[PDB]
Amino acid sequence: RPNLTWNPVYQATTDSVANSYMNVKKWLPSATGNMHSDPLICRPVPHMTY
Amino acid sequence: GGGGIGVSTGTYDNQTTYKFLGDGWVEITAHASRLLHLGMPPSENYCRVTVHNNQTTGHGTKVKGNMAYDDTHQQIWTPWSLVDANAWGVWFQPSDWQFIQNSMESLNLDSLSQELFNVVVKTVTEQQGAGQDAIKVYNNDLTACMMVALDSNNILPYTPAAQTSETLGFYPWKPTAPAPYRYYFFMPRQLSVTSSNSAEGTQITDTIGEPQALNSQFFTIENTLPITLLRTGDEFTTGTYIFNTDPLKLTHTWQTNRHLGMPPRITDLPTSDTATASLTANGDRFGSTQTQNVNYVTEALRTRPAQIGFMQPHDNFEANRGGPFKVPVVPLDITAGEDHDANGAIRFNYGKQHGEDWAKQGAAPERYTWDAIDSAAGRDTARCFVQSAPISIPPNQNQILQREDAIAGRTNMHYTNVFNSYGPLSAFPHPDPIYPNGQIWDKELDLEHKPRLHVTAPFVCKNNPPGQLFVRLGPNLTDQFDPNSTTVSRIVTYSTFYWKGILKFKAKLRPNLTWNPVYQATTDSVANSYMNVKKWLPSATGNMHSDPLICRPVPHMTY
Amino acid sequence: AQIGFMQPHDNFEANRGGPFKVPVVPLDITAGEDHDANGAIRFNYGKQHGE
Amino acid sequence: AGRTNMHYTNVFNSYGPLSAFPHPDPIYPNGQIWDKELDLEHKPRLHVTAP
Amino acid sequence: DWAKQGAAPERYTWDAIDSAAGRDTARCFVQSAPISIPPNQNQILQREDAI
Amino acid sequence: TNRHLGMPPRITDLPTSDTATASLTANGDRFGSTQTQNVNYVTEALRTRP
Amino acid sequence: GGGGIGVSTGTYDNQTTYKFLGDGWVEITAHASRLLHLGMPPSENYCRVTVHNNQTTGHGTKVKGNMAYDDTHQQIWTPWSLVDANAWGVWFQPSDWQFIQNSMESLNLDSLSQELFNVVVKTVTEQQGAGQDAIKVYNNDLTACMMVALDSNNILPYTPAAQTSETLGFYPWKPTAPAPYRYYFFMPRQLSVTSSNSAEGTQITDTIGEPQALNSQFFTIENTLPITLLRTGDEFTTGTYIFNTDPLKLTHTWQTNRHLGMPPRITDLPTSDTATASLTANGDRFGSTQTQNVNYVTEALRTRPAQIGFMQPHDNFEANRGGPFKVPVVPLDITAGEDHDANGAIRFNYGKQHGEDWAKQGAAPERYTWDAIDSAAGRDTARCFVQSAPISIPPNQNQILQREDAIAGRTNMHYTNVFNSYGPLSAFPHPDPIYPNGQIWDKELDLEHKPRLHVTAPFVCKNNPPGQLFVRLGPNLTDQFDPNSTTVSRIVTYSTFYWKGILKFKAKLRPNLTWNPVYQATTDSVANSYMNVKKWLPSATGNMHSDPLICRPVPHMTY
Ligand SMILES: CC(=O)N[C@@H]1[C@@H](O)[C@H](O[C@H]2O[C@H](CO)[C@H](O)[C@H](O[C@]3(C(=O)O)C[C@H](O)[C@@H](NC(C)=O)[C@H]([C@H](O)[C@H](O)CO)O3)[C@H]2O)[C@@H](CO)O[C@H]1O
Ligand SMILES: CC(=O)N[C@@H]1[C@@H](O)[C@H](O[C@H]2O[C@H](CO)[C@H](O)[C@H](O[C@]3(C(=O)O)C[C@H](O)[C@@H](NC(C)=O)[C@H]([C@H](O)[C@H](O)CO)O3)[C@H]2O)[C@@H](CO)O[C@H]1O
Ligand SMILES: CC(=O)N[C@@H]1[C@@H](O)[C@H](O[C@H]2O[C@H](CO)[C@H](O)[C@H](O[C@]3(C(=O)O)C[C@H](O)[C@@H](NC(C)=O)[C@H]([C@H](O)[C@H](O)CO)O3)[C@H]2O)[C@@H](CO)O[C@H]1O
């Protein structure tokens, strides 16, 4: 993608905030090995239409 | 050498040349030159300005039913200005338009080249005089520079000035000015839908939101475009853009679904010139219909190849995260019912530089409504009707949906307002060009899938539109400058520069194959006539006005 | 996607040339025998064409 | 609109970007074979009279 | 989630990331031409209007 | 959206304070194009969009 | 020919181009252009100025225990100014930084080129007006000249302005100014070490010394550098410097000594997701330790290959012939104890041109503390402890040196303050770059033996750094000039010139080999969030602020 905007752009990122849809814990294996893959965001960068 | 402060850096040329090539092909090269006045930007800072009309009185949005008066939005104000010349009037004398409309059958864009020359930057100083009437002295800042930028890759938001009537002037002998460049910035916007009859307690929700990262884009001319500094003896050239577009028909249609295919056979020829003719009994007549409950064929029930034109929802004020908006309507024939909104008539407001009578005093702008010249795809809402199948002719009050029929108990609401007949059989003409207050070319929308046509311009660049030309005056700093201070004392400075553009068109002479004489755009001397030549003649005081001219005067057979 | 589509019935639109039955894409009358809703084509012919 | 025999179906158009329909069937022997296209800058997807 | 016990399947609703082509039905409205601003209860088709 | 297409309306003057809004030219005196003729004013909502 | 007063002598270019070469290599060419305002030097004489704060009150050095407030020093003031652009913000939009941080894994300097163009020298004259409000008239001195010098051989003292926040502005649309060049001159300096609790009679020794030949060096730009006189139609070019430096990692580490090597084998897998696991009895566990008094192996006693990070003396105010100075500390992780000083956190104070909210009123500068993004080499002083050999676990109050233990009877003094664990096994990460208030490159110290790294910049030229650019306005003498007189009547004169620089970088795209999603630098719309996009968006009044952005967001395996 090209970068031509002064303002920083929104990017898909994980966090450590508790009960956060993006808590890395979700994409990490459990102690028993249980794994889950919740849907990830797409098209995070905006583009000018006109 | 070539560069010099005392030498001119360009040539004023404003003439439309016609080169007839052959087989009826015409190369129309339109030269346009204008003098531009640029001043210092009130601020040298990019600004995120918010406009919000929450007034609880007048045309505010806290007034029940003023939803349409919504002018709320956020925009990035830029110290840069824009030299936009995308309007038919900036490229052709009224006569040129007439010749093309009356003699040519097709017109397509070819190439565009633009040049900035003869830059003059001047400083204003005030000398003290008697009566305390300080005189203003204008001096030449030979070393001063004007910043010029061209966005060829079209990275910055496209802003056609024609819509705001902020394009260059339509009169080559009058000075002009560029338009301050500005672009919308996403801002959450929600406005409740109410009515003048809504309960007094009804609370209207007029709310604006804080910037959202997912949709926040801030661009600066400096961090995106290469900027050329222009001094008195400097010139700018934009090269030669090539237009890749679809040709525009200079002819109108007239054939409705009732004029498609072999007409019904008359029994016998009319007896007298004042006599009508008779067809075979509908029951005995041969033909094809799509209604089976009936055992007869009538011109109205006859199956036609397709649908010329289509019904369009009226005042469909849709609403997104950006507030309510009038859904655009394909410009078609208002018909004999003069149903402008039903057919998308375009009413535009303009100023003296764009054809308002210079004599006209008062701020009130000139307002003209453009009705499509087309006479084939229009819809007369008052005559349109829907019947119940199995078709029963004649029907009863409960077997037909006439327009007067109220919808949802709203007396003035009719199915026509919410009826969309667009389908795979809908066939309509393309928007007519509007000299001289009409945008010529337009940028396509970067959506994976796009609209069939744009209601604002007859031409849509099929790839990348001509680059926007940006101009600004640099801060003329004084002796006192604190880089850590917001305030920036600056020398009053203005600049004048000449702009020249060359727009080329590929047109083709129209064929003449009709016995009857054809309708042509002509002027007259009849008093109070929209075409009284006096209108396009200079006044005694020199006042000039250019009222819109007709287009597509010659009809062409549709089927 | 959508196989087929609903089509306005007896949309008699009107221009400068008078009223006209809007054509309907010929589709399946279905088990409801909805001919007009699906644009059934009824044609009238003479001896030279199969009468 | 209080019309007993009028139903939303009569004024309902579901044509959209997802609508997919077959093309008109030829009708031996009383059927037009070829047809002329309409000289409109933009044209219909198909003609109901000819395949 | 492998831990999630019970037959009940995992259910997720995907909302389009797009923020430009959506339609807020509650805010959408249709007015009568000739347009009269501000309109009266009989000059505007608000959503709450029953059909 | 359609409300973010084309050159925005010209603000009369820049906002005075960071907490201040801006004013446009009177809709009656404002220049522009609409598809509604029963009205003699141009409003961002009534503005003709491509 | 090419030279002319009316012709421009350069092009404004401020865009970051990204050229993807292959195998993931990226050529990042950063163009930066700024308008500079230069004024007449208050004096045209080089001056040996002495600063000495001997006040017996307030923040003076005759106050017991104000040793740290020492600002005493001698400097050679020069009529010359310096065009320094050694700061990350002067070369990249906030977005550019984010893209590089989130997508690239390495970054190295390549080449640097600088150009001075469009020189404009103007004179200020005052005309008498009513109300005795003399107006200031600004005229063009076409024949005036601006003196430019480049010290490529680096003979003059190196002065990175970034440290004084005196580099060029970080906003390309705002005018900027160079920084007055000045360099320290050796001056004997001795200050006694006292405490707020010292005896009232305690006499503090605050003494300064006379210049010492053994250490006296006076340099003048004129007698050391070739000077280029620049007139309105003149241009300066510094050529293309080539950077010979070591690449910078754009990734952080997380592995401490407790995360090095094969982990201990769990007896059995955890039973429930909420259950922990058990290892083999430390007595029966296999492994290697460096403590023999114990017959067991514990993760903490396990022998590790080396030492990730190291303890550093706190506030080691060492003292030479130049007075006391805070010994620098390798920037590391403040850890969960937030031990900033123990880990060398960098707190910097800057002004509007460098990211202070333009709205912020008051002289008070913006103050930000930079904590190293690293999470592996930090030291939590509160948790650190030293035990006595033969190791006795658990130890007694006399067998362990906990932090709270006072040293030399000073209650708040702890061994940690005087403990240095740097050794042959110490392994630490290199200083993180700090957009946008961070020095990029730095000069190496001409000592026969040099430091492993510099705490001020991520890049150290391994040979000779880019030459410093010096600019000054020549004395505009009047009619009255006495060469034998010290006083020099001069015409008020100021100059404005455009600076353009091209900095090129060799970067490499990061690899993705982890199942879990990776942490990326992102903005949000959450209210009062350090990353609320509103911060990097222009205000309604145009106020702009650039708060520091995170770096090295992606982690990399250390061992
Ligand atoms: C006569 C009738 O049955 N109804 C008219 C109706 O036509 C009229 O609408 C327009 O026509 C009048 C005719 O005088 C007038 O033109 C109106 O307003 C102006 C305008 O918008 O300012 C007057 C301007 O002078 C004119 N422009 C020029 C330079 O001639 C424009 C322009 O011609 C018009 O916008 C084209 O559509 O029209 C028109 O709105 C309305 C007026 O309320 O009602 C009856 O008078
Ligand atoms: C809070 C409010 O105003 N209204 C909520 C409404 O949002 C909620 O709908 C969803 O949100 C809740 C929030 O806890 C919950 O997520 C609901 O149901 C589940 C589901 O469908 O099973 C729970 C799942 O755990 C979740 N998936 C995972 C793995 O996290 C899914 C999924 O997030 C969701 O389908 C995405 O749309 O949601 C959601 O339906 C409804 C619930 O009745 O009403 C209020 O609680
Ligand atoms: C909350 C707690 O346990 N202790 C806080 C402690 O964090 C705080 O130190 C800093 O954090 C506060 C939080 O509001 C504030 O940021 C302090 O001072 C400022 C400053 O130095 O001027 C305020 C500025 O607005 C800010 N910069 C900007 C533009 O946001 C800077 C900057 O964020 C900071 O220097 C980064 O380290 O901080 C901080 O010093 C102290 C304050 O005494 O004690 C508790 O409040």
Side-chain angles (χ1 to χ4, degrees), chain B residues 246-249 251 253 255 260-261 288 290 303-311 330 374 376-377 386-390 392 395-402 404-409 413-416 418-431 449 452-453 458 556-559, chain D:
Chain B
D246 296 359
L248 178 78
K249 284 191 181 60
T251 46
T253 51
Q255 287 195 299
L260 288 194
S288 63
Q290 287 182 300
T303 301
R304 306 298 188 177
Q307 185 195 4
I308 308 299
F310 59 114
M311 290 279 326
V330 172
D374 167 61
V386 179
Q387 291 200 3
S388 61
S392 304
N396 54 59
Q397 53 173 0
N398 296 358
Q399 274 174 356
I400 181 179
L401 192 59
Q402 311 177 180
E404 72 176 2
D405 289 355
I407 301 300
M413 277 313 106
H414 312 302
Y415 70 113
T416 58
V418 290
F419 183 59
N420 187 3
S421 69
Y422 187 62
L425 294 191
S426 301
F428 42 110
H430 262 237
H449 61 78
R452 280 183 51 181
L453 55 90
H556 73 290
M557 195 61 84
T558 318
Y559 181 59
Chain D
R3 305 310 170 181
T4 302
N5 299 0
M6 277 312 106
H7 312 302
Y8 70 113
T9 58
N10 305 119
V11 290
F12 183 59
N13 187 3
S14 69
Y15 187 62
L18 294 191
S19 301
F21 42 110
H23 262 237
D25 312 0
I27 315 176
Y28 179 78
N30 310 116
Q32 177 180 359
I33 308 179
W34 61 83
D35 198 1
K36 173 179 179 180
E37 56 186 1
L38 308 187
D39 200 1
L40 278 172
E41 183 148 358
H42 61 78
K43 301 172 183 52
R45 280 183 51 181
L46 55 90
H47 296 181
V48 178
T49 64

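Below, chain A is the first sequence line, B the second, and so on; all start at residue 1. Just the heavy atoms: all of them, side chains too, but no hydrogens, waters or symmetry mates, feed the values below.
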Below 4.5 Å from any heavy atom of chain B, which atoms of D/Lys36 appear? Answer side chain, backbone, both or neither. both

What part of D/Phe21 gets closer than 4.5 Å to chain B, counting heavy atoms only: side chain, backbone, both or neither? side chain

Ranking B/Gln290, B/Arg452, B/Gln399 by heavy-atom pairs under 4.5 Å to chain D gives rank one to B/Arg452

List the steps and the verdict of side-chain contact (heavy atoms from CB on, under 4.5 Å) for D/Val11 and B/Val418. CA-CA 9 Å; D/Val11 290; B/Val418 290; over 6 Å; no

Could you look at B/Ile400 and say if it's the side chain, the backbone, both or neither that has a heavy atom under 4.5 Å from chain D? backbone

Contact origin within B/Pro247 toward chain D - heavy atom pairs under 4.5 Å: backbone

More than 12 heavy atoms of other residues, nucleotides or ligands under 6.0 Å from CD of D/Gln32: yes or no? yes

Can you tell me if D/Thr4 and B/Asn398 form a side-chain donor-acceptor pair at under 3.5 Å? yes

Between D/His42 (side chain only) and B/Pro429 (backbone N and O only), is there a donor and an acceptor less than 3.5 Å apart? yes

Side chain from CB out, backbone as N, CA, C, O: work out which of these in B/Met557 comes under 4.5 Å of a heavy atom of chain D, or both, or neither. backbone

Need one label for B/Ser421: side chain, backbone, both or neither, based on atoms under 4.5 Å from any heavy atom in chain D. backbone

Calculate, to the nearest 0.5 Å, the distance between atoms CG and NE2 belonging to B/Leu260 and D/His47 respectively. 9.5 Å

What part of B/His556 lies closer than 4.5 angstrom to a heavy atom of chain D: side chain, backbone, both or neither? side chain

One should read off an interatomic distance between D/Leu40 CG and B/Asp374 CG, to the nearest 0.5 angstrom, of 8.0 Å

Please look at B/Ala406 and chain D and tell me whether the side chain, the backbone, both or neither of the residue comes under 4.5 angstrom of a heavy atom of that chain. backbone

Rounded distance (nearest 0.5 Å) linking atom CD of D/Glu41 with atom OG1 of B/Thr253: 11.0 Å

From B/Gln387 CD over to D/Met6 CE, what is the distance, rounded to the nearest 0.5 angstrom? 7.5 Å

Which heavy atom of D/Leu38 sits nearest a heavy atom of B/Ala306, and at what distance? CD1-CB, 4.1 Å

Give, as side chain, backbone, both or neither, the part of B/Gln307 having an atom under 4.5 angstrom from any heavy atom of chain D. neither

Top of B/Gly261, B/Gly409, B/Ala408, B/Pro305 for chain D proximity - count of heavy-atom pairs under 4.5 angstrom: B/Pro305

Honestly, the part of B/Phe419 sitting under 4.5 Å from a heavy atom of chain D is side chain

Euclidean distance, D/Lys43 NZ relative to B/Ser426 OG, rounded to 0.5 Å: 14.5 Å

Distance check, rounded to the nearest 0.5 Å: D/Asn5 atom CG versus B/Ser392 atom OG? 8.0 Å

Tightest non-hydrogen contact, residues B/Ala389 and D/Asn10, listed as N-ND2, 4.5 Å

